[PDB]
Amino acid sequence: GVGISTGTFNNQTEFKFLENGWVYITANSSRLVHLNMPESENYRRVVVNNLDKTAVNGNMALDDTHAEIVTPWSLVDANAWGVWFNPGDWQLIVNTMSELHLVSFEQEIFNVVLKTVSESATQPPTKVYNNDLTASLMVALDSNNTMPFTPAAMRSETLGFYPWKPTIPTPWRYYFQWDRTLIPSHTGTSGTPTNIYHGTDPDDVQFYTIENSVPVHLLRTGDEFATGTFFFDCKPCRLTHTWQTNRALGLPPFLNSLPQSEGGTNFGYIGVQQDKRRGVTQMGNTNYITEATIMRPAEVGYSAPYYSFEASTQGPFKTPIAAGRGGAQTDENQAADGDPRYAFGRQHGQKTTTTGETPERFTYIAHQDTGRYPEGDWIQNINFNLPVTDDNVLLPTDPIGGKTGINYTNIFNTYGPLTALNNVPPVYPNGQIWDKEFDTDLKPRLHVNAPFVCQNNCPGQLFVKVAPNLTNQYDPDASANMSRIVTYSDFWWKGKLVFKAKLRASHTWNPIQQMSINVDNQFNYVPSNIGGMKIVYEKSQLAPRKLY
Amino acid sequence: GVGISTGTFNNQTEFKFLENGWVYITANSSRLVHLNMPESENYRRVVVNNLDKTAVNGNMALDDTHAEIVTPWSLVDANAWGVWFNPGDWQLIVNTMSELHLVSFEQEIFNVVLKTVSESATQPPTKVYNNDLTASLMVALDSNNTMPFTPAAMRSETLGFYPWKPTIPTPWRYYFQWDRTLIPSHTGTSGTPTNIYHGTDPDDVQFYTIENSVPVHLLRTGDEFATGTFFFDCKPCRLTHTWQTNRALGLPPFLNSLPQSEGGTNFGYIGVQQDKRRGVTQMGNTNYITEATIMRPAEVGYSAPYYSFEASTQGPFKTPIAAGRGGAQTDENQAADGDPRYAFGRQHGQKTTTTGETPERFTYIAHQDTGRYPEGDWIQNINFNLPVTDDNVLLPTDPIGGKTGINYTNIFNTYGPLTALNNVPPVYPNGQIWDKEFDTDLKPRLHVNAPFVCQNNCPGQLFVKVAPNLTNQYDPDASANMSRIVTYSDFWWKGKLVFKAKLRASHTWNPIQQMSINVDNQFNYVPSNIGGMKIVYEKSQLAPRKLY
Amino acid sequence: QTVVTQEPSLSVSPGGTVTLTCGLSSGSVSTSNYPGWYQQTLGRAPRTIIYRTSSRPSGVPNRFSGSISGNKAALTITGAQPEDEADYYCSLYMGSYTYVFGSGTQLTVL
Amino acid sequence: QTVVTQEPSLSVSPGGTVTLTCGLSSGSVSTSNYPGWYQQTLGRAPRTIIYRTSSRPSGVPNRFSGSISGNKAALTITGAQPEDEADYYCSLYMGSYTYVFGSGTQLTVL
Amino acid sequence: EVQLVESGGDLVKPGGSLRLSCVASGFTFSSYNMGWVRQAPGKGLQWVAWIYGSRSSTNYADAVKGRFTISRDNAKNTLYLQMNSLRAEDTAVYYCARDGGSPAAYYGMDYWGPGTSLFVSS
Amino acid sequence: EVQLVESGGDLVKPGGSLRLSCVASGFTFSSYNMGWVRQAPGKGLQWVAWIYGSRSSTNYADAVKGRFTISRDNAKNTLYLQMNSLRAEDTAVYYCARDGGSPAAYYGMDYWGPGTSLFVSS
């Protein structure tokens, strides 16, 4: 009814420990969600065009041309790690657990409140807010996944990460098909590169509406909505990283001479000439057996063209890579391709008291060593006459195409049947948790944006809207915009995310890396004197595991 | 038989996780123990006397005068944390667990080998080692605890901490009663202070022998000995520290004015005059209610005379304290009374390749804040007229007894019915695990050397000896020493220590302190290029818990 | 010790083409040396003309071109202007993280 | 500003008793000031005579005694020897971690 | 945009020490390898020191090894060159140098400061 | 046993900088609070700087605040006094001072070094 609550606030994470080292981690997340009535009650097909920016030669990477259907609905998205765990919970998970499973998801809307705003004609602004007890909130659960999948974490538009801070839903929109051509150029190109937007292909048109595709529930102040429990079928997520490169696979060479005194200058020596050694190599025309030429079971990681942009029907897009750059751990400035960069606002980890539109940014460096150091790569002749001469070796400094800033590694691909790689680690708090699998016939082996992928399906998107609150002067025949009473809603969203995790075991004599609070990061986890909070990112795959 | 093994080497720690967040931690420890035949086959009553050292005025703290029975037996002691856990196991325990229980203990001796040494008459030394298949090893388990309790961890004489490094037992001895008087002096005292050893009281004589008190088993090469499982009845051991001082107990004062801008210079203010405030204080003659005078439920910690030496029948001994010094965490140089200092050799954590008799030493600073900062203490008149004048206040800088280096805090005791304190934390790897309770009528509330105390009893001490290997010329009537064939033994000792522990829970938004490997301590856990190992100490009570 | 040799002095008429060369007494200059060319006027700090043997910083006129000729680095000024008269210094990346600088060439526009 | 005042010059006959005093222009000297007394000879570094107002370092003759007299620190030399003629400096601990030094007293043994 | 300003150059007697400070603006200071070059009066440019990487690894020319120390403070966006046991041969104008390639270094001085003169004379 | 040796004192022009280094031996350097005192030519002793605690907290006299920096390296058992913007009033003999009370400081100079002379003159 009007004066009866329809739900309870719960934001507790429970760790129920099972037998055999397994734990059920049920994270509860409760938020107060504020929603305004849509700017327009219609669906719009809006073409965003920034040909001015890309008309500058060399700016083709800044292309934003696209077409989107803007809908009157808003999306309630909780597909981010920060929506579910605080730094203490994440510390417990990443320190005491070795693998993580995604078990189930539930969400519900309760304690719906709808208020109308009456603004007076007095010259200084003044307004009052009245409860509209008969107003309704339109809630649609796309449990069949009919609507396009538009996760908000990629735009930093999920629910807020603070239980005590009210959050908002994101206005929903989806991509409409378009055709676009953009010939790349550079500073110094003469003429106007081909840069046109060709329109839309009629055979690819797909105009979706929530009304025609999903059942819609009208919730009054005394109503509540529950989606029901959804159960995932994803793969386990490892909370351990691998450190072994191809150089550290298998049996090391026997050292016939060992150091007689400790110290950094004292080295063990194999004691056998490199061309007189025993072993197996894939180089059938050389007698040298070294750490770089000896046979290994397979290849850890792969090389791909980095900062390569491929053009397709809808324009250019960067070629993704599964693994981050090698050497970003020895030198943090080397983080670039494959090291995801997260930019977020005050709702999602940035200092809440900051002013301005500049977001808080961080580049994530994974502990796994599956990356590549292209500056140390090279190609050489099949003859393999050592030491190699100039014409028989292609080095990373050799120009490709006549460009001194482009080398073969930029266009180099080593993906093959022997490539072995890991899934992307969870990124806390701004990383996505689960992502829908592509509906293609042949599917990618992994996604670079979420550690869990939906093989069959994952829970339907939740859409909310303020039902039209018409005045007495509504005329559907009029071409002017619908006249509505200014209405807004505040409702409580509660979600339950259930994981299954395995407790880690100590395999080595030495201790391992753990996340800990210290003097440097001590104040990143507590509020300031005025209430300013923040959530800094945390690494997940802290403990190491042996690859081979 | 001769060619049949009687046991298996096991040095694995198993973490079997139970329901409700409990885990059984069974640590297995296997060692190769080398034992030489005793220097003498007799019991000796030896008086150690160093009156020369203490005859120097001011050196009374260096008194070593005592009397001990030296026995032909050796003690096998595994009552140290390093005997059971490696740094990885300890990291897991201290990071993932909140409390620890001592469940059970087992030990056994197997694969007994006895060898005789034949030394040739050739001028350059040369010798051979022959198996004495009929020789015996005498093993006595004092399961009834008849013999004096002499834990070896206090002398750094337990078994080695490395599974792959053979260890030795410690020759066993116990204290014999003696009377000693030593009048304290100082540099500048005139005359010879009273310094005598008065002998032994006949009413306190207690001469123990293993033969007359314990059953003795004769183990040949094909024999093994098992003590059987012993079960403890000790109290739980907390793996969390308390941070709350009396200044942080209860409801804080309400701040009527809060800072309007974040920054270290912006403070909240109570907004009420200290003499106009409301609350409860134990000072019935003052209207001031402040953070230092407001009533608290009880007292956390206590003050005691530090570096006070009490003399008794057998001489002077330092007065122990339960808690360490306050401020040793803000300034590591303040560690002194109550902060245990451990000195150990190469068997028990010191770099195994070091040379010399200098031991490796470390002072343990506990994370618990139950200590005292005597420099901030003071006494003042009951009148309590503020600001206090010279004659109405006794400060830590005021001489006591006319000595400018002694103040009231040196003789100050605040232990009372309101005192609340914690048990001593485990010290890894050199700390003792369990200790026998005193047989007095009134027993101490805790022990400062081990976190677990034996209420009724704890497992009997294990004594080993090489059975006499006589030559053909033995004559018991001769007053000369017994002539024996030079014999020694090597046997494998295996022990199982079972703990019950509770997994910790995340109670706060922020993360907590965890033990982690880093660049600074990275090489403290791995061998050097020549095999040099070490075991640095680790703190146990890392996570905090609320006292009130 | 590494020594970088370049013409001590060079001349060019206005609107002409001139080439300044930078070699090594022992060895050859390649793109692995990342030859850099910097321009310095009297009483002023050096100005970067070329980096990575071909890249001129934004604002550098196109008349300056960097290349690798033979076993040396070459800086070619085509249509040299009066303001191009200055001391041009060549920097070679000698591996590891060591840099070497040439003696410098004083280019005067007639 | 804290100012430590002590007698600029003092004299004592051999075998006699002399007292050097160290006070504060504003305030009084107590054991909380940890008065220290240091002896300096011509062309030599200072030598610590007294610390904590009563403690003389090992090797300091017993004829040097530190005390608190009235509202000042006192260094008494009894049976003064010829080698005691030197500049005696007084140090006061001014709270927190601030130290102040007196002007110094030139003690000459007649 | 990218600006480097050097300071601390002053007349100093032989055998002394001096710290040159380079303030950088218009770019992320910590993301670029920095260095110090020097030009003697009437002589050509000579590389002095280089600081590179997130670990602040340092390399020095043979003429200043053991005597010069190159460091950086990214909080202040400052580069410090501390010279000890200064000689008459160290008298010169010292230029701040910034490499423009953060993830792929140009291995050449992308930006230069105005320079600070240091005179060593008895 | 306990020995302190100061070095680095040299003639320097006004406005310059100089680092005095104090090497300590015969005791655990990190366990004792250290300091720098100074005596002007013909003047009395004046406290300059103090370093105390395991956290290396530093305090300075008003005459040298902002200009002097006191630091310590326990690995080298060394105490560093870096003076910047040296004035003619800074000309004096600087003495290393060691407090003998590790857990209970004497709050007085227990041990002194021979001292190093610093002359500031144009």
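Along Cα→Cβ at 7 Å, what distances in nm separate the A:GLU437 label point from those on the other copies, shortest first?
6.2
Cross-link partners among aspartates and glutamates for F:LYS13, C-alpha distance below 16 Å, same-chain residues fewer than 8 apart left out?
E:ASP10, F:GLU89, F:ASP90
If you take every residue apart from A:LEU133 with its C-beta less than 13 Å away from the C-beta of A:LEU133, what net charge results, scoring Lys and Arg +1 and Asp and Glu -1?
Once all neighbours under 13 Å are counted, the net charge is 0.
Name the trypsin sites (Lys or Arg not before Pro) in segment A:492-548 that are in a loop by DSSP and that have at most 14 other C-beta atoms within 10 Å, would you?
In loop regions of segment A:492-548 (DSSP not H, G, I, E or B), the sparsely surrounded trypsin sites (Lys or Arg not before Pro) are A:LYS546.
Can you tell me how much longer the chain between B:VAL393 and B:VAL280 gets when fully stretched, taken as 0.36 nm per residue apart minus their C-alpha distance, in nm with one decimal?
Net length gain for the segment: 38.3 nm.
Taking only the alpha-carbon positions of chain B and ignoring solvent, what does the Debye formula give for the base-10 log of I(q)/I(0) at q = 0.09 Å⁻¹?
Result of the Debye calculation: -0.86.
What FRET efficiency, computed as 1/(1 + (r/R0)^6) with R0 = 25 Å and r the Cβ-Cβ distance, is obtained for A:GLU332 and A:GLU99, rounded to the nearest 0.05?
After rounding to 0.05, the efficiency reads 0.35.
Provide an ascending nm list, one decimal, of label-point separations from B:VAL216 to the equivalent residue in each further copy; define each label point as 7 Å from Cα along Cα→Cβ.
Going from nearest to farthest copy, the values are 9.7 nm.
For a quick check: with amide H placed at 1.01 Å from N, whose amide H comes under 5 Å from A:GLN513's, ignoring anything fewer than 5 positions away on the same chain?
Those lying under 5 Å, H to H, from A:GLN513 are B:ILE517.
Return the subset of B:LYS351/F:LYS76; A:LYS500/B:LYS16; A:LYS276/A:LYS546; A:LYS165/A:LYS494 for which the Cα-Cα distance in this structure is over 20 Å, preserving the input order.
B:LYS351/F:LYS76; A:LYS276/A:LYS546
Taking a quarter of the surface of the Cα convex hull of chain D, what do you get in nm²?
6.7 nm²
With viscosity set to 1.567 mPa s and temperature to 4 °C, compute the Stokes-Einstein D of chain E, Rh being the Kirkwood radius across alpha carbon pairs; µm²/s, no decimals.
It comes out at roughly 91 µm²/s.
List the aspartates and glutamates whose Cα lies under 18 Å from the Cα of B:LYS534, skipping any in the same chain that are fewer than 8 positions away.
A:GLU262, B:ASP89, B:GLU157, B:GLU357, B:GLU360, B:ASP520
Could you pull out every residue, at least 5 positions away or on a different chain, whose amide H is within less than 5 Å of the one on B:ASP339? Hs are placed 1.01 Å off N in the peptide plane, and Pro or chain starts have none.
B:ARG325
Pull the list of chain B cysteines that no other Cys approaches to under 4.7 Å, Cβ to Cβ.
Singleton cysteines: B:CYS234, B:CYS237.
Give me the distance between the Cα centres of segment A:162-189 and segment C:46-61, rounded to whole Å.
35 Å
Between copies, how close do the D:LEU110 label points come, placed 7 Å along Cα→Cβ, listed in nm from shortest?
9.9
222 nm [θ] for the protein assembly as shown, helices only, -39500 (n - 2.57) per DSSP H run of 4+, per residue, to 500?
That calculation yields -500 deg cm²/dmol at 222 nm.
Could you work out, for segment B:388-524, what percent of all Cα-Cα pairs fall into each 5 Å distance bin, beginning at 0 Å and stopping at the bin that holds the largest distance?
Per 5 Å bin, starting at zero, the Cα-Cα P(r) for segment B:388-524 comes out as 2, 5, 7, 8, 9, 9, 10, 10, 11, 9, 6, 5, 4, 2, 2, 1, 0, 0 percent.
Through the Karplus equation 6.51 cos²θ - 1.76 cosθ + 1.60, θ set to phi - 60°, convert the phi angles of segment A:46-51 into ³J(HN,Hα) values in whole Hz; use x for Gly and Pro.
Those phi angles translate into 9, 9, 8, 9, 10, 4 Hz.
Write out the chymotrypsin sites (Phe, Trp or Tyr not before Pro) in segment A:1-37 meeting two conditions: DSSP loop, and at most 11 other Cβ atoms within 10 Å of their Cβ.
Answer in residue order: no site qualifies.
Separation between the F:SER31 and A:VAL216 pseudo-spin-labels, each 7 Å from Cα along Cα→Cβ, expressed in nm?
8.0 nm
For segment B:264-343, list log₁₀ I(q)/I(0) at each q in 0.13, 0.20, 0.22 Å⁻¹, using the Debye formula over Cα point scatterers of equal strength and ignoring solvent, two decimals each.
-0.73, -0.97, -1.03
Assuming a viscosity of 0.692 mPa s and a temperature of 37 °C, what translational diffusion coefficient in µm² per second does Stokes-Einstein assign to segment D:34-74, Rh being the Kirkwood radius over Cα pairs?
Reported coefficient: 307 µm²/s.
At 7 Å along Cα-to-Cβ for each site, give me the label-to-label distance between B:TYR24 and E:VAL23 in nm.
6.9 nm
If you fit an axis through the alpha-carbon atoms of helix B:87-96 and take the longest principal axis of the Cα set of chain B, what angle between them do you get, 0 to 90°, nearest 10?
Relative to chain B, helix B:87-96 is tipped by roughly 40 degrees.
Students often check this: by mean Cβ neighbours within 10 Å, which of A:377-390, E:57-70, A:477-490 ranks highest, and how do the rest follow?
E:57-70, A:477-490, A:377-390
Which FRET efficiency value, to the nearest 0.05, do you get for B:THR363 and A:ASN518 by plugging their Cβ-Cβ distance into 1/(1 + (r/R0)^6) with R0 = 25 Å?
0.70
Place a point 7 Å from Cα of B:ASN42 in the direction of its Cβ. Which residues in segment B:149-189 have their backbone N less than 19 Å from it?
Answer for this model: B:172-174, B:176.
Over segment A:462-543, consider all pairs of different Cα atoms and compute the Kirkwood hydrodynamic radius from their mean reciprocal separation; express it in Å, one decimal.
When all Cα pairs of segment A:462-543 are included, the Kirkwood radius is 20.1 Å.
So how far, in whole Å, is the C-alpha centre of segment A:355-428 from the one of segment E:44-90?
Cα centroid of segment A:355-428 versus Cα centroid of segment E:44-90: 31 Å apart.
Under a cut-off of 16 Å between alpha-carbon atoms, report the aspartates and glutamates in cross-link reach of B:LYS127, not counting same-chain residues fewer than 8 places apart.
Cross-link targets: B:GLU119.
Can you give the FRET efficiency for B:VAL536 and B:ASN11, using 1/(1 + (r/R0)^6), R0 = 25 Å, r = Cβ-Cβ distance, to the nearest 0.05?
0.80
What chymotrypsin sites (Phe, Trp or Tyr not before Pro) in segment B:221-251 are in a loop by DSSP, with at most 16 other Cβ atoms within 10 Å of the Cβ?
The qualifying sites are B:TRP243.
Could you list which residues have their amide H under 5 Å from that of A:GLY7, counting only those 5 or more apart in sequence or on another chain, with H placed in the peptide plane?
A:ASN111
No value in this document is a laboratory result; all are computed from the given coordinates. With ideal geometry, Cβ positions are generated from the backbone for all residues, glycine too; neighbour counts draw on all protein chains shown.
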